[PDB]
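# Chains, contacts and geometry: an overview
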Amino acid sequence: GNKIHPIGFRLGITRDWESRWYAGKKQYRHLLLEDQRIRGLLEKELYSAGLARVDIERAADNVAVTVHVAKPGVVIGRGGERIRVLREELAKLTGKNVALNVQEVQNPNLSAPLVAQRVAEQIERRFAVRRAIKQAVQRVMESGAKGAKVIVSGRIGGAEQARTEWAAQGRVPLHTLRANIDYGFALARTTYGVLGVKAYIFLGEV
Amino acid sequence: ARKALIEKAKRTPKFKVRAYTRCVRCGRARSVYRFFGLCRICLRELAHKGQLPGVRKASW
Amino acid sequence: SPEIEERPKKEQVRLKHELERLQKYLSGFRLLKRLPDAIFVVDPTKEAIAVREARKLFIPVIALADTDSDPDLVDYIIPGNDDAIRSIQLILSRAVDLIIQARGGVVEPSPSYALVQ
Amino acid sequence: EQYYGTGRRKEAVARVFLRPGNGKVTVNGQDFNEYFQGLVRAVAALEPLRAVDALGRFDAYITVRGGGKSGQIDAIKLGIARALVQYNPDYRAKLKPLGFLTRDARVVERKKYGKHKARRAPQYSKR
Amino acid sequence: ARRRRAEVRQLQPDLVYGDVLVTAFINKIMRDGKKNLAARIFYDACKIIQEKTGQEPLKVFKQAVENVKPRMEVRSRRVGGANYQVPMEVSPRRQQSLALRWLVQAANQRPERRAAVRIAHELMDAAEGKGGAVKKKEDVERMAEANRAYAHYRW
Amino acid sequence: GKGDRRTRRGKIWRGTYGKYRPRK
Amino acid sequence: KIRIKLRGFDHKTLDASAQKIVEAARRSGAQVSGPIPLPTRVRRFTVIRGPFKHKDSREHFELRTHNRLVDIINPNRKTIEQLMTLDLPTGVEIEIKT
RNA sequence: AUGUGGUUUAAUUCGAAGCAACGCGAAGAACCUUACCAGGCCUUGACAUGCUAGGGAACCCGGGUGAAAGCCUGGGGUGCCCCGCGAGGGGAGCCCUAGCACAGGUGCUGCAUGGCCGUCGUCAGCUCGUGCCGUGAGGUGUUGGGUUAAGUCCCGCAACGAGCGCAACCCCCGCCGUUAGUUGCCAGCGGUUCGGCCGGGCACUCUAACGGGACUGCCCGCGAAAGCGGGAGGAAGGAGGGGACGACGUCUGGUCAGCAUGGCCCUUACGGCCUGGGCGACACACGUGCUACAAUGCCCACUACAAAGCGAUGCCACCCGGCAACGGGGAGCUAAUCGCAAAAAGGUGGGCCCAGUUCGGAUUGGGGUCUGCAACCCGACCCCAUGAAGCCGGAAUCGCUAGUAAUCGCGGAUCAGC
RNA sequence: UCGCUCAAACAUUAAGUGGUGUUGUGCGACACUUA
Ligand SMILES: [Mg+2]
Ligand SMILES: [Mg+2]
Ligand SMILES: [Mg+2]
Ligand SMILES: [Mg+2]
Ligand SMILES: [Mg+2]
Ligand SMILES: [Mg+2]
Ligand SMILES: [Mg+2]
Ligand SMILES: [Mg+2]
Ligand SMILES: [Mg+2]
Ligand SMILES: [Mg+2]
Ligand SMILES: [Mg+2]
Ligand SMILES: [Mg+2]
Ligand SMILES: [Mg+2]
Ligand SMILES: [Mg+2]
Ligand SMILES: [Mg+2]
Ligand SMILES: [Mg+2]
Ligand SMILES: [Mg+2]
Ligand SMILES: [Mg+2]
Ligand SMILES: [Mg+2]
Ligand SMILES: [Mg+2]
Ligand SMILES: [Mg+2]
Ligand SMILES: [Mg+2]
Ligand SMILES: [Mg+2]
Ligand SMILES: [Mg+2]
Ligand SMILES: [Mg+2]
Ligand SMILES: [Mg+2]
Ligand SMILES: [Mg+2]
Ligand SMILES: [Mg+2]
Ligand SMILES: [Mg+2]
Ligand SMILES: [Mg+2]
Ligand SMILES: [Mg+2]
Ligand SMILES: [Mg+2]
Ligand SMILES: [Mg+2]
Ligand SMILES: [Mg+2]
Ligand SMILES: [Mg+2]
Ligand SMILES: [Mg+2]
Ligand SMILES: [Mg+2]
Ligand SMILES: [Mg+2]
Ligand SMILES: [Mg+2]
Ligand SMILES: [Mg+2]
Ligand SMILES: [Mg+2]
Ligand SMILES: [Mg+2]
Ligand SMILES: [Mg+2]
Ligand SMILES: [Mg+2]
Ligand SMILES: [Mg+2]
Ligand SMILES: [Mg+2]
Ligand SMILES: [Mg+2]
Ligand SMILES: [Mg+2]
Ligand SMILES: [Mg+2]
Ligand SMILES: [Mg+2]
Ligand SMILES: [Mg+2]
Ligand SMILES: [Mg+2]
Ligand SMILES: [Mg+2]
Ligand SMILES: [Mg+2]
Ligand SMILES: [Mg+2]
Ligand SMILES: [Mg+2]
Ligand SMILES: [Mg+2]
Ligand SMILES: [Mg+2]
Ligand SMILES: [Mg+2]
Ligand SMILES: [Mg+2]
Ligand SMILES: [Mg+2]
Ligand SMILES: [Zn+2]
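Residues numbered from 1 in each chain as written, not as in the entry; some residues may be left out. Chains lettered and ligands numbered in written order. Part of a larger assembly, values for the part shown. Heavy atoms only, no water.

- This entry, as listed in the PDB, derives from X-ray crystallography and reports a resolution of 3.5000 Å.

- In the annotation of the PDB entry, chain E is listed under the name 30S ribosomal protein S7 and assigned to Thermus thermophilus.
- Per the header of the deposited record, the title is "Crystal structure of a complex containing domain 3 from the PSIV IGR IRES RNA bound to the 70S ribosome".
- What UniProt states about chain E under its Function heading is, verbatim, "One of the primary rRNA binding proteins, it binds directly to 16S rRNA where it nucleates assembly of the head domain of the 30S subunit. Is located at the subunit interface close to the decoding center, probably blocks exit of the E-site tRNA (By similarity)."
- One UniProt comment on chain E, placed under Sequence similarities, says "Belongs to the universal ribosomal protein uS7 family." (UniProt positions renumbered as here; feature names shortened; annotations may be inferred.)

- The name given to chain B in the PDB entry is 30S ribosomal protein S14 type Z, and the organism recorded there is Thermus thermophilus.
- The Function comment attached to chain B in UniProt states, word for word, "Binds 16S rRNA, required for the assembly of 30S particles and may also be responsible for determining the conformation of the 16S rRNA at the A site."
- Quoted straight from UniProt, the Sequence similarities entry for chain B says "Belongs to the universal ribosomal protein uS14 family. Zinc-binding uS14 subfamily."

Given below as C-alpha cells:
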C-alpha cells in the first residue's frame, strides 16, 4: 500500500512541530543540523527512562529542550545530579543555552511511541510475538484510549519467508484530520535480522 | 568507498571545485539540497516527523 | 434537552429519522428489557420464525391458529379463525381481560368495534 | 452621480468609474478604441452599454491591471455591468438573464506532477 | 460517456452580425487559439464578397454552408463479425459541423496565397453549386445511395 | 526558426541576447 | 518614527505576538499603525517519494515565511518599557529600526 | 538532443526489464561526483573505541626526486596541572614508529529483512461481533427493488449493529465585507518638470488573515421513501473547478548503490591516496523529446498587456571600447518600494513571390569571450563562412471532454560553470 | 503505377511460433502454444 505518514499528514492542523523554532535562510541547515545531533544523543543516553516527544525550541542562543518521559525519576537521579550532568554534556559540545525542561507522561499506554518501543523490546527479548501485540492493543484501549493499532513486520520468531502481523481495535480513521492519532514507530534488533513496529492511538476529535 | 568519501567531502584540501555538496544526515552523494543540506530521502523522512520547522505539507 | 443547539441540519434530520424508524418497529418491545415468560401470536405458521426462537429458548408457546397452522409445535393452542378482524378481536379482548382481571381494576375493553368496520 | 463596479477575471482586476456624458472612454489613460486595436472582443465589452440603450451617453474611466490583454476586456465587461446596475435595480432584471453577473469561474488550473500540462500525459509506450 | 448524452456547447453568438453559425466558422479557422486573428481573416473574405458580387456576406455564407450540408452518410457497423457500410441520415449538428469543416479545408486546397482570398473564392463556388468542399459532399452522398442495399439495418 | 543561431527568437529560446537581439 | 518587523513561521504565533505589541503600544503611548501583513515569501520544495526510481507520485512541501509590520510614532517611554518587559515571543524573529 | 539494446574496449561501473524499465536512480559525468581500467604509492590505516612501549609543547616554514599521492630530510619552537627559586619526573590534549584487539568494503543475497515507493485504482471494495442455517469447508449480513461518483441513501430483508474504506473537516481560484495602511487613485483640489513625482486619503485595487455563503433551501411535475428532470433568486447549484488524501491485499514487484540490516565472502588486499583515461566509445536498433520541411508565413523597425520565483561571497539598473559574447568604472539591495525584465504571440509599416527558397541550421574551416588548477579527449557562448537531410510521412500508434487541447513566453531547484 | 516469389529490419503479442502489414532482391507490362 501507500498510507503517507499520519504525522506529516496532521503536520499543519493537529499536532505541531516536534521541533518548533524559526531560522533565517542563512543558517537553517547548521541550526537543524545541531538540533538533530542533540535529539540523537538524547535518544541514546536517555532512552533508559523511555523518552518520547523530544520537543525543541530555539530563537537566539536559547534552546528549550523539553523532553517528555514515562518516568523522570531516572532523568534526574537524586536531588539534582543526573539532570545537571546532562545539561553539562549537552552544552559541552554545543554552545547554545541548554535548558532541559523535563516533563512526565500522564500515561505511557496512551503514548504511542512508548507503546511501540515497549512491545518492540519484548520481541527483542524473545517473546510471544502474536499475543504481545494483542495485550498491547488491549492495554491501550482498556487504559482510556478510543482507538488502537499495532503492526509488526519481518521474520516473526525466525522464519525464512517474511510476514506481517496485523492487530487493532476501536477506530483509527487515518483518512480523517480531526483525529489526533499519535504515531509510534520502533526498531527491534534480533539475532536473525531486523523487525519493524507501528502503533496508532486515536484520542482527540474536533 | 562510502565512509572514506563522506570524510573526503569535508576535507577540501585542493581547489574549491572538489568541495561538492554532500548530505549531512545519511551522507548522500547527490540530490543534496543546499538550503537543508540534506538528501531528498531523509528530507521527506523528517518532514513527516515534524522535525522540519515551517515545512508543511504543500497543497494547492 | 437544551443540547439541540449543536448538531447541524445533517445530523438533526438523520437523528430524527433514527427515532422515526426506531419507534416504527420497536414501539411495543422496549417496554420490557428481559426475556418474556411467554409469547402470544396471531398465526404460528407465518411468525413461526419467532416461535422457533421461543421454542429453542424453552419459552412456552401460546398463539391463536387457523387451519393453516402447525398444532404440534405449540404448547398451549388457540384454535380458530385468524384472517379476520372479527375473530382476532374477540380473542385478544377476552385474553387481555384475563390479564387485567388477575392484575387489578377490570376496565372496559378498548374501542375495537369502531375500528372493525 | 457616478456609477462604479468591480471587474475581475484571471487575476485581471478593473475598477469602473463611469460618469454620464458623451462617450469618451479612458482606461488607464489612452482611449478605448486606441488601447484595444484589432480586437473584436473590444466592442463586446461595451455590450452592457448596448443592452441599456445608452452607448453614446456615458464617459467611462476604468483602472484595469494585471492579467492578460483579453482578461482585462472580460474584467471591463463585468465591471461596466456592476457600474450601470449600481444606480439601476431594474437594469438587473434584463442584464442578468442576458448573462453578465459572473466572475466566470473559468480559470487556468495547476500543472500536475507526473504529467506535462495538468492533464496531457507524456506519450505512453511499451516498446 | 456511457451515462449521459453530454449536452452541446452553446457558443457565443456573432459579435458583428448576430449568428452562432458564423462564430462557429471562426473557431474552425482558429489555429493555435487565435480567435481575433481568425475573426479578422473571416471578415476579410466578407469584404472580398462585396468586391466581386454586390451580395451580402451573410446570405453568401448561408448558401455556401447549405449546399455543402451532407444529407446522408455511410457508417460502419458490426454484425456477428462483419462490417457493413450502412447509409442513413446525419444529425443536424454534424451536418453543420462537417460543412463548416470541409469548407475550411477546401480553402486550404486552393492555390490562393492569402487565407482570406482562399475562403473568399471557396465561399463563392460553394454558394454556387460547385467547389472543392461541395464535391467532397456530393461524394459522400454517393456512397450512401450506392450501398443503399445494406440500408436494411437502419438501427 | 526557434533553432536559428542568428535570429530574434533564435536567442529568445536559448535564453540569450547577443547582437541581433537588443541588449543594454 | 520607529518601525518594527515581525518575521516568523506560524501565523498563529505571529498573530498572537503581533496583536500583543499593538495593545501594549497604543494602550500606553501615542498612535501606532496596526499589523500590516506583507507578501508571505514561500519556499516550495518539490521532490520524489520512493528512494529509487519513481518519476511520479512525488511529494512536495512548502516553507511558510510570514511577514507583519507595525509602526509606532511618538517614542513613548512607557511603550519602550512595556515591550522590553511584557513580551512573549518564541519562533518569531523580530527586527526593529528607526 | 537523451535513455536503452547491441557491438567494441585494458575499462567502456552497477541497477530498474510488458503495462507499472528506457529525459528512469541523476534535482547537474571535464579532475571531483565515481562505485570500472592502467600505472605510481599506503597498509593497524581517511574515519570509531581501547591497550603495552621509546620520544615529544598542541603549533608553523622550506628543500631534493615526482604527474600528484607519497618517499628521504633539515629548520624556527618549548603553554597548562602536581613537588622546587633552578634541575628533573608523571598526566590530559595531539603525533610519528613498532605490536595487539580492531577498522573499512558502492563485494554477494530485495525469495533473510526494516523502512520507503510503484501497481490494480479513488476502482467499490474488504472484514469483525453476536444471532441464525450447514456434519463441515462456509453461507447469511454485503443478496434483492429504486438511486448514486460510491457497500450513497431509501424501501424490503434472519438477520442487528460496528470497524477499515467513500464522503466531510485541510489549502488555491470562485461573491462580498470585517483588520492594517510606504500597493494603487487628475479618481476630488493646488505645483506640473503635465511622470501618483509633492501635499493628502483609504472608500477602491492590492498585499495576506478572520468570517459569512449553497442547504435540494424555494416553486412545478414523477415518486412510498430515497431521488431525477425543468424554472427563479444567486458570484457560484445538485461534489462548482483543481489539489492533499490512494482500504484487506496482489504483483515471491522495486530498492542490501539513500540508510539501517541476518548471514556468507575479502582483510599487506574485494580496504586507502593521486594522476590520466572511462560512463561521452560506433557497422546498427528501439523509447522519450526540440526544431523544421514555410505564405494563417520567414527576415526586420516601433508600440503594449502577465503570474509566480529567486537574489551578500549573489541579482545588476547608468557611462565608454567592439560586430558581439564579454570586460571595466560604479550607484541601490537583510529584499510588496534596488536588480534579473523587453513576457512572447500579438497592433502599424517594409522586403520577400512558391524557389531546397530571406524556409530549414545540421555539418565542417578559421578568429574571439566566460568559469575553472585544467574545456584534445569532454563545457557553454559570440562572429564570419560552408548553407545538409528535409514537401506534414507506410503498417502501427499516443494525448485530451473546457479554460482542457493546441500554441507562446517566464521562474526556480539542481548548480564553479553546463 | 500494378501483380508475384524470396531473404532482413521494424510494427500487432504479455512472450514465443506462425501468419498478417510497409520498405529492401529479381522479373512481366487473427491461429496456436507457454517444463
Ligand atoms: Mg508485557
Ligand atoms: Mg544516519
Ligand atoms: Mg382493540
Ligand atoms: Mg448566458
Ligand atoms: Mg494552461
Ligand atoms: Mg490562476
Ligand atoms: Mg495555478
Ligand atoms: Mg512554429
Ligand atoms: Mg533568465
Ligand atoms: Mg554598449
Ligand atoms: Mg548495457
Ligand atoms: Mg549491485
Ligand atoms: Mg521482473
Ligand atoms: Mg591492479
Ligand atoms: Mg580513541
Ligand atoms: Mg623536539
Ligand atoms: Mg611538551
Ligand atoms: Mg617538499
Ligand atoms: Mg629544528
Ligand atoms: Mg607524559
Ligand atoms: Mg570485520
Ligand atoms: Mg521484494
Ligand atoms: Mg521490502
Ligand atoms: Mg531484481
Ligand atoms: Mg451447527
Ligand atoms: Mg446429518
Ligand atoms: Mg461466516
Ligand atoms: Mg459474502
Ligand atoms: Mg478597515
Ligand atoms: Mg478597504
Ligand atoms: Mg427536501
Ligand atoms: Mg422545508
Ligand atoms: Mg402545485
Ligand atoms: Mg428528502
Ligand atoms: Mg423530498
Ligand atoms: Mg440559470
Ligand atoms: Mg437569494
Ligand atoms: Mg445530488
Ligand atoms: Mg480521502
Ligand atoms: Mg547486507
Ligand atoms: Mg551492524
Ligand atoms: Mg592477494
Ligand atoms: Mg508590463
Ligand atoms: Mg504565490
Ligand atoms: Mg538561478
Ligand atoms: Mg553590467
Ligand atoms: Mg530595504
Ligand atoms: Mg525589473
Ligand atoms: Mg502580425
Ligand atoms: Mg536561405
Ligand atoms: Mg542561416
Ligand atoms: Mg572544446
Ligand atoms: Mg491536416
Ligand atoms: Mg502500402
Ligand atoms: Mg549558481
Ligand atoms: Mg511486398
Ligand atoms: Mg539482399
Ligand atoms: Mg528472377
Ligand atoms: Mg500488365
Ligand atoms: Mg491457423
Ligand atoms: Mg508443442
Ligand atoms: Zn540523506
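## Structural notes on the protein's contact with RNA strand H
- Around RNA strand H there are 173 residues in total, and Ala 162 of chain A, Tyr 4, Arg 19 and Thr 102 of chain D together with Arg 113 of chain E lie nearest to it.
- Each atom of RNA strand H within 4 Å of the protein was assigned to sugar, phosphate or base; sugar and phosphate come to 77%.
- The side chain of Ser 31 of chain B places a nitrogen or oxygen atom 2.8 Å from a phosphate oxygen of RNA strand H.
- Within the side chain of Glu 11 of chain D, an N or O atom sits 3.5 Å from a sugar or linking oxygen of RNA strand H.
- When its residues are assigned to classes, the surface near RNA strand H shows 50 nonpolar, 39 polar and 84 charged. (Near = heavy atom within 4 Å. Polar contact = N/O pair within 3.5 Å; in protein donor to acceptor, adjacent residues only side chain to side chain. Nonpolar A, V, L, I, M, F, W, Y, C, P; charged D, E, K, R; others polar.)

## So, the sheet that holds strand β10 (residues 196–202) of chain A
Residues and elements named next belong to chain A.
- If you trace the 4 strands from one edge of the open sheet to the other, you get β8-β7-β10-β9, paired in antiparallel fashion. This sheet does not close on itself; its edge strands, each paired only once, are β8 (164–170) and β9 (181–183). Direction aside, the axes of adjacent strands within the sheet are offset by 10° on average.
- In the sheet, strand β7 (residues 147–153) pairs with β8 via 7 bridges, with the strands oriented antiparallel. If you follow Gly 147 over to β8, its bridge partner there is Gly 170.
- Here helix α6 (residues 129–143) sits on the sheet and contacts β7, β8 and β10; the angle it forms with β7, its principal contact strand, is near 160°. (Pairing = 2+ DSSP bridges. Helix = DSSP H or I, 4+ residues; strand = E, 2+ residues; numbered from the N terminus. Axes fitted to C-alpha atoms, helices over the stretch in contact; angles between N-to-C directions. Contact = heavy atoms within 4.5 Å.)

## Let's talk about the environment of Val 115 of chain A
Residues and elements named next belong to chain A.
- Mapped onto the elements, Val 115 comes out in helix α5 (residues 112–124).
- When its relative accessible area of 3% is taken as the criterion, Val 115 is described as buried.
- Expressed as a C-alpha distance, the spacing of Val 115 and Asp 61, which sit 54 residues apart in the sequence, is 34 Å.
- Beyond its immediate sequence surroundings of up to four residues, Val 115 is in contact with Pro 108, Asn 109 and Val 140. (Buried < 20%, exposed > 50% of the residue type's maximum accessible area, 1.4 Å probe, protein only.)

## Quick notes on the packing of aromatic side chains
- The full count for this structure, using the stated rule, is 22 aromatic pairs over all chains.
- Each ring, one from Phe 35 of chain B and one from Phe 45 of chain G, has its centre 5.8 Å from the other, and the planes form 55°; the classification is tilted. Of this pair, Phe 35 of chain B sits in the loop between α1 (3–8) and α2 (40–49) while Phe 45 of chain G is found in strand β3 (residues 41–47), placing the two residues in two different chains.
- Positioned above the aromatic ring of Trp 21 of chain A, the side-chain terminus of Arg 58 of chain A is 5.5 Å from the ring centre.
- Taking NZ or CZ as reference, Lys 19 of chain F lies 5.4 Å from the ring centre of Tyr 20 of chain F, over its face. (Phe/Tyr/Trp six-rings, centres within 6.5 Å; stacked < 30°, edge-to-face > 60°. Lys NZ or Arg CZ within 6 Å of the ring centre and 35° of its normal.)

## Quick look at the nonpolar core
- Counting 38 residues, the largest nonpolar core has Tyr 28, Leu 42, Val 65 and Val 67 of chain A together with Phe 36, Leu 52 and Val 55 of chain B as its most contacted members.
- Elements that contribute at least two residues to this core include exactly α2 (28–44), β2 (51–54), β5 (67–69) and α4 (82–93) of chain A, α2 of chain B together with β4 (59–65) of chain G.
- Setting aside residues up to four positions removed in sequence, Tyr 28 of chain A forms contacts with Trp 21 and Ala 23 of chain A, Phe 35, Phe 36, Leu 52, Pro 53 and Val 55 of chain B together with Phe 9 of chain G.
- One finds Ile 29, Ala 38, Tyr 43 and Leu 103 of chain E within the second-largest nonpolar core, a separate group that totals 33 residues. (Core = buried A, V, L, I, M, F, W, Y, C linked by side-chain atoms within 4.5 Å.)

## With respect to the interface of chain A and chain B
- Chain A puts 18 residues into the contact, and the matching count from chain B is 17 residues.
- Summed over the three residues of chain A that lose the most area to chain B, namely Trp 17, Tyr 28 and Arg 29 of chain A, the buried surface amounts to 33% of that side.
- Counting every contact that joins chain A to chain B gives 0 salt bridges.
- Along the contact surface separating chain A from chain B lie 6 residue pairs in polar contact.
- Every element with two or more residues in the side of chain A that touches chain B is listed here: α1 (6–10) and α2 of chain A.
- For the side of chain A that touches chain B, a count of residues per class yields 9 nonpolar, 5 polar and 4 charged. (Buried area = accessible area lost by both parts, 1.4 Å probe. Salt bridge = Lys/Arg side-chain N within 4 Å of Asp/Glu carboxyl O.)

## Comments concerning the sheet that holds strand β4 (residues 58–65) of chain D
Residues and elements named next belong to chain D.
- One open sheet holds the 4 strands; their spatial order is β1-β2-β4-β3, and the pairing between them is mixed. Taken across any chain shown, the strands that pair with only one partner, and hence form the sheet edges, are β1 (3–7) and β3 (25–27). Within this sheet the neighbouring strands show an average axis-to-axis angle of 15°, counted without direction.
- Inspection of the sheet shows β1 paired to strand β2 (residues 13–20) by 5 bridges, in the antiparallel sense. For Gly 7, the partnering residue across the bridge sits in β2 and is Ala 14.

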